[PDB]
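Peer 1: First, the structure itself, so that you have it in front of you.
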Ligand SMILES: Nc1ncnc2c1ncn2[C@@H]1O[C@H](COP(=O)(O)OP(=O)(O)OP(=O)(O)O)[C@@H](O)[C@H]1O
Ligand SMILES: Nc1ncnc2c1ncn2[C@@H]1O[C@H](COP(=O)(O)OP(=O)(O)OP(=O)(O)O)[C@@H](O)[C@H]1O
Ligand SMILES: Nc1ncnc2c1ncn2[C@@H]1O[C@H](COP(=O)(O)OP(=O)(O)OP(=O)(O)O)[C@@H](O)[C@H]1O
Ligand SMILES: Nc1ncnc2c1ncn2[C@@H]1O[C@H](COP(=O)(O)OP(=O)(O)OP(=O)(O)O)[C@@H](O)[C@H]1O
């Protein structure tokens, strides 16, 4: 139950079309053809520009887009810590669920 | 069960041949001539180059090639710990198994592989570092002692990769610890053709590519 | 044994003998007529300190030495480090208490000692070790050896007498040591005749400069690997010879390839340029060159043999492209003095005045030390950047030169200075021409006969063309510099044979001029 | 001169240990036996 | 880092255990004093 008009973003048709094409196109199709074609998915997006143009809005709306788990969010430098070797701990705590699920259920 | 083709490395041909020659020729031929000749095997490799060239791919493929125990991986600075004197325990845990095997079966044991990734995040020059805590110096000294110490361990192989070779301390980069230090770089026209052919094979296999290309 | 080579170690014969003399003299000396409990070794990596420690431990008829691999003491618990360190000395104390003087020697090895010795844990451990090694109870049956690669990072209080007494430095082996190391590592090959007859160890030893034992052993190993791969095929399924494996001769070419490609000294190199200043040599196209060289020799002998004129200077004058610097270089090389150097503006690009002054001062200071020396400066006007507009130039460098031109060196030493320029009048106006003691003149090519002789010496044109050139030239005067002449000849040779001559002559007419 | 500098990380160090706790168990155990004995005497 | 997270948890848990052991010993000692006083 999703519709483009629902998100209420204006003036960014082309950018959204390009992002959709280059990010979510692979995961929507029947998997057999994709598998025969033998590629791997994209796992990165970066947004930049001057203040007040609609970046965080896009992030939030994409978060509400997908049928997935609740996204994790990091508000700036929330990971730094005073003790030795704790920052890396906070960083590696992020990917645990993906690691275990990949190892268990595979594809 | 192995073949050159199946690894799928396009632009590096002389480099891989050099690696094979200078690191693995010893362990292929019959032990009799080797023992007669009384030489020692190499115990290190250091790759480097600009980003996105194929280092990690090469290391993983090398690990896959050999028939031996599963390699142990160290994803970046995952060794550091806050309790004093706990990093060294983590480091020694790696070589514990190899030492046990060498002690038990003597000179006819299997092989063991250890892969350090982003090594420069740990082993920086001892003198040139923020003189606040001694953890880094102790870590480096522990590694230097264990890799080549009074007791002799000679059934292990260590591979390392980085992006800034300079920062590594010199004492580690001398023969006996890490000698074969190669460089990966941008390919040439032929390498580009080989890579493009490699990544396009399956499409051609299933006739999903237009003849006009 | 004391041969020091039966143990497969080379170069350290003198140091090993010193260790013998200073360490075990007391123990081997008869007890009736009758210690040291500290040893520290240091040196650059890959010199064999581990070898020395192991062999010294093996040599003595004593219990098995105990060794600690780096920092195996620090523990997150409190006090366990002290317990661990104290655990080491229990046997020595027991033997001293029971057998007294007649107690066996004890050997302790500290590997990577710098790691532990150099916060409460660290200084407490250091204090515990200091107390145990030298405390209220005095032991005389314990030996401690420490090894380091960074001697500067060791604590001073640990090096005081009574704790760490015998300090040894291991250095890079000499040619003889390199020869010994190669002999040791190749004796195995020579025993089984697996070595080729074309290999000369002396040639390699001469070639191998600044190679510690590690470098030499690695080169040997690389030769092994080359020979070893010569008998294997990789691609489909790794397959080997098994047939020529019997021969496996190690040729000298393998050694050369290993030395060339996959080995490196890891030490800096020295670059020379004095050759580059005379590219095409000197050709006698006329009398003047001989006169110039003779005057140079006269000045050289005057500076060599004079007693109350220790300093002498000369200036070389000539129009542009007359080849002035080359003559100065030739004279300097003929001088045959221990110390010779050339100061050129080429190396000083983008420098400010102070940098130039300091560089010149450094060069002259170096020149001062030797007994007799000669120095040459070329393109003075470029040295003190000069421009006809204004004019404009640097005053500081000019003053520095004027001062330096008449400062005698320390007593009993001789200096010669040769300067080259192409604008005499300017130097005269700046009041510098007075400083120099004498001047020499370098002329151009004047008559067609000299030009024809130069062409003949070069041998770039044949008799047929030379006939036309002689016809056109001998009836006229010419004015050209040698460098420009070479440039013109190279310019002309590009075009097809039919036109070269005419083109060449045209170019000459373009440069035709008079003084 | 140098602007104000940050401090470095901290490395704490736990005190109690497993084996030292076995030793504390050695300490504690005898007390209960001694208690049984004294209770017997009083009874 | 949950691998070391459990080591810290074990350490602190044994701290708590040692505290409990010490308190139990102290209560014992008090009870011994009481009974020994009583018999007289
Ligand atoms: N394209 C748009 N369509 C509709 N409303 C928009 C659009 N862009 C911005 N807005 C409105 O303006 C607000 C700007 O917030 P936004 O999160 O875009 O700022 P930002 O780019 O994250 O700021 P900064 O760059 O400082 O981090 C949005 O919350 C929304 O109310
Ligand atoms: N020579 C090559 N032949 C085939 N594929 C290659 C080659 N070089 C790189 N690739 C491909 O490009 C990517 C290279 O990523 P890889 O991690 O190996 O590079 P890297 O050098 O480790 O990067 P970084 O410098 O960030 O560590 C992989 O997807 C790999 O398949
Ligand atoms: N003079 C030598 N004679 C024989 N082998 C030598 C010599 N010098 C070095 N080697 C070789 O080097 C290794 C022994 O050197 P060792 O590890 O003791 O060096 P080090 O300088 O004490 O150590 P580091 O580089 O860690 O400071 C062996 O391979 C030995 O063959
Ligand atoms: N007899 C000769 N005398 C001088 N130079 C000669 C002679 N024969 C050949 N040459 C070559 O002529 C060239 C001389 O050029 P050089 O740099 O000495 O010129 P120059 O007079 O210092 O010029 P400039 O004032 O432009 O720097 C060198 O290549 C030298 O080898």
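Neighbour counts run over all protein chains shown; Cβ positions are idealised from the backbone, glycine included. No lab work stands behind these numbers, since they all come straight from the coordinates.
Peer 1: I'd like the full set of residues that are more than 10 Å from chain B (Cβ to nearest Cβ) and closer than 24 Å to residue C:213 by Cα, limited to the range C:43-90.
Peer 2: Result: C:43, C:47, C:48, C:49, C:51, C:52, C:55, C:56, C:58, C:59.
Peer 1: Which condition number in (1) loosely packed, with under 13 Cβ neighbours inside 10 Å; (2) more than 34 Å from the chain's Cα centre (by Cα) is the one that residue C:3 fails?
Peer 2: Only one criterion in (1) loosely packed, with under 13 Cβ neighbours inside 10 Å; (2) more than 34 Å from the chain's Cα centre (by Cα) is unmet by residue C:3, namely (2).
Peer 1: Determine if the range C:287-295 includes at least one residue that is surrounded by 14 or more Cβ atoms within 10 Å (Cβ to Cβ), in a loop (DSSP other than H, G, I, E, B) and either more than 9 Å from chain B (Cβ to nearest Cβ) or within 16 Å of ligand 4 (Cβ to nearest atom) (or both).
Peer 2: No, the range C:287-295 contains no residue that is surrounded by 14 or more Cβ atoms within 10 Å (Cβ to Cβ), in a loop (DSSP other than H, G, I, E, B) and either more than 9 Å from chain B (Cβ to nearest Cβ) or within 16 Å of ligand 4 (Cβ to nearest atom) (or both).
Peer 1: Quick one: count up the residues across the range C:24-44 that are surrounded by fewer than 18 Cβ atoms within 10 Å (Cβ to Cβ) and under 38 Å from the mean Cα position of the chain (by Cα).
Peer 2: So the answer is 1.
Peer 1: OK, next. Check whether at least one residue in the range B:144-162 is within 14 Å of chain C (Cβ to nearest Cβ) and away from ligand 3 (no atom under 16 Å from the Cβ), and report yes or no.
Peer 2: No, the conditions are met nowhere in the range B:144-162.
Peer 1: I'd like to check something: does the range C:262-272 contain any residue that is within 16 Å of ligand 4 (Cβ to nearest atom) and either within 14 Å of chain B (Cβ to nearest Cβ) or surrounded by 11 or more Cβ atoms within 10 Å (Cβ to Cβ) (or both)?
Peer 2: No, there is no match, as no residue in the range C:262-272 is within 16 Å of ligand 4 (Cβ to nearest atom) and either within 14 Å of chain B (Cβ to nearest Cβ) or surrounded by 11 or more Cβ atoms within 10 Å (Cβ to Cβ) (or both).
Peer 1: Taking the range C:417-447 as the region of interest, how many residues are within 14 Å of residue C:288 (Cβ to Cβ) and buried (at least 18 other Cβ atoms within 10 Å of the Cβ)? Explain how you work it out, then say what you get.
Peer 2: Within the range C:417-447, the first condition is being within 14 Å of residue C:288 (Cβ to Cβ), and the residues that meet it are C:440-447.
Of the ones still in play, those that are also buried (at least 18 other Cβ atoms within 10 Å of the Cβ) are C:440, C:442, C:444-445.
Count: 4.
Peer 1: In this structure, does residue C:485 turn out to be part of a helix (DSSP H, G or I), away from ligand 3 (no atom under 16 Å from the Cβ), within 15 Å of residue C:323 (Cβ to Cβ) and touching a strand residue (DSSP E or B) at 6+ places or on another chain (Cβ under 9 Å)?
Peer 2: Spelling it out, residue C:485 is indeed part of a helix (DSSP H, G or I), away from ligand 3 (no atom under 16 Å from the Cβ), within 15 Å of residue C:323 (Cβ to Cβ) and touching a strand residue (DSSP E or B) at 6+ places or on another chain (Cβ under 9 Å).
Peer 1: Okay, next question. Quick one: is residue B:137 within 14 Å of chain D (Cβ to nearest Cβ) and within 16 Å of ligand 3 (Cβ to nearest atom)?
Peer 2: yes
Peer 1: Looking only at the range C:228-237, which residues are within 16 Å of residue B:34 (Cβ to Cβ) and at the interface with chain B (Cβ under 9 Å from one of its Cβ atoms)? Reasoning before the result, please.
Peer 2: Initial filter on the range C:228-237 (within 16 Å of residue B:34 (Cβ to Cβ)): C:228-232.
Within the range C:228-237, C:228, C:229, C:231, C:232 qualify.
Peer 1: Also: So residue D:26 passes all but one of these: (1) out of contact with any helix residue (DSSP H, G or I) (no Cβ under 8 Å at 6 or more places or on another chain); (2) within 14 Å of chain B (Cβ to nearest Cβ). Which condition number does it fail?
Peer 2: Every listed condition holds for residue D:26 apart from (2).
Peer 1: Do the conditions hold for residue C:161, that is, is it surrounded by 12 or more Cβ atoms within 10 Å (Cβ to Cβ) and either within 16 Å of ligand 4 (Cβ to nearest atom) or assigned to a loop (DSSP other than H, G, I, E, B) (or both)?
Peer 2: It is false that residue C:161 is surrounded by 12 or more Cβ atoms within 10 Å (Cβ to Cβ) and either within 16 Å of ligand 4 (Cβ to nearest atom) or assigned to a loop (DSSP other than H, G, I, E, B) (or both).
Peer 1: For residue C:197, work out the one condition from (1) more than 13 Å from every other protein chain (Cβ to nearest Cβ); (2) out of contact with any helix residue (DSSP H, G or I) (no Cβ under 8 Å at 6 or more places or on another chain); (3) closer than 30 Å to residue C:24 by Cα it doesn't fulfil.
Peer 2: (3)
Peer 1: Next question. Looking at A:19, A:9, A:62, can you tell me which residue is part of a loop (DSSP other than H, G, I, E, B) and surrounded by 12 or more Cβ atoms within 10 Å (Cβ to Cβ)?
Peer 2: On inspection, the qualifying residue turns out to be A:9.
Peer 1: Between residues in the range C:405-425 that are more than 21 Å from residue C:329 (Cβ to Cβ) and residues that are in a helix (DSSP H, G or I), which pairs lie under 7 Å by C-beta distance while being six or more apart or on different chains?
Peer 2: Taking only residues 6 or more apart or on different chains, the pairs are C:409/C:368; C:410/C:368.
Peer 1: OK, next. Within the range A:32-52, can you find the residues that are more than 16 Å from ligand 2 (Cβ to nearest atom) and either more than 30 Å from residue A:76 (Cα to Cα) or surrounded by 13 or more Cβ atoms within 10 Å (Cβ to Cβ) (or both)? Give the derivation first.
Peer 2: Quick first cut of the range A:32-52, residues more than 16 Å from ligand 2 (Cβ to nearest atom) only: A:32-36, A:45-52.
Hits for the range A:32-52 are A:32, A:33, A:34, A:35, A:36.
Peer 1: Please determine whether any residue of the range A:70-82 is within 16 Å of ligand 2 (Cβ to nearest atom) and more than 14 Å from chain E (Cβ to nearest Cβ).
Peer 2: No; the residues of the range A:70-82 include none that is within 16 Å of ligand 2 (Cβ to nearest atom) and more than 14 Å from chain E (Cβ to nearest Cβ).
Peer 1: Against the definition (facing another protein chain (nearest Cβ under 7 Å) and assigned to a helix (DSSP H, G or I)), how does residue C:225 come out, yes or no?
Peer 2: yes
Peer 1: Additional query: Just the residues that are touching a helix residue (DSSP H, G or I) at 6+ places or on another chain (Cβ under 7 Å) and either closer than 22 Å to residue C:282 by Cα or in a strand (DSSP E or B) (or both), please, taken from the range C:461-482.
Peer 2: Across the range C:461-482, the qualifying residues are C:461, C:478, C:480.
Peer 1: Scan the range C:245-252 and tell me whether some residue there is in a helix (DSSP H, G or I), out of contact with any strand residue (DSSP E or B) (no Cβ under 8 Å at 6 or more places or on another chain), within 14 Å of chain B (Cβ to nearest Cβ) and surrounded by 12 or more Cβ atoms within 10 Å (Cβ to Cβ).
Peer 2: Among the residues of the range C:245-252, at least one is in a helix (DSSP H, G or I), out of contact with any strand residue (DSSP E or B) (no Cβ under 8 Å at 6 or more places or on another chain), within 14 Å of chain B (Cβ to nearest Cβ) and surrounded by 12 or more Cβ atoms within 10 Å (Cβ to Cβ), which makes the answer yes.
Yes or no, residue by residue, for (1) away from ligand 3 (no atom under 16 Å from the Cβ); (2) in contact with a strand residue (DSSP E or B) (Cβ under 8 Å, 6 or more places away or on another chain); (3) in a helix (DSSP H, G or I); (4) within 14 Å of chain B (Cβ to nearest Cβ):
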| residue | (1), (2), (3), (4) |
| --- | --- |
| C:144 | yes, yes, no, no |
| C:168 | no, yes, no, no |
| C:176 | no, no, yes, no |
| C:189 | no, yes, yes, yes |
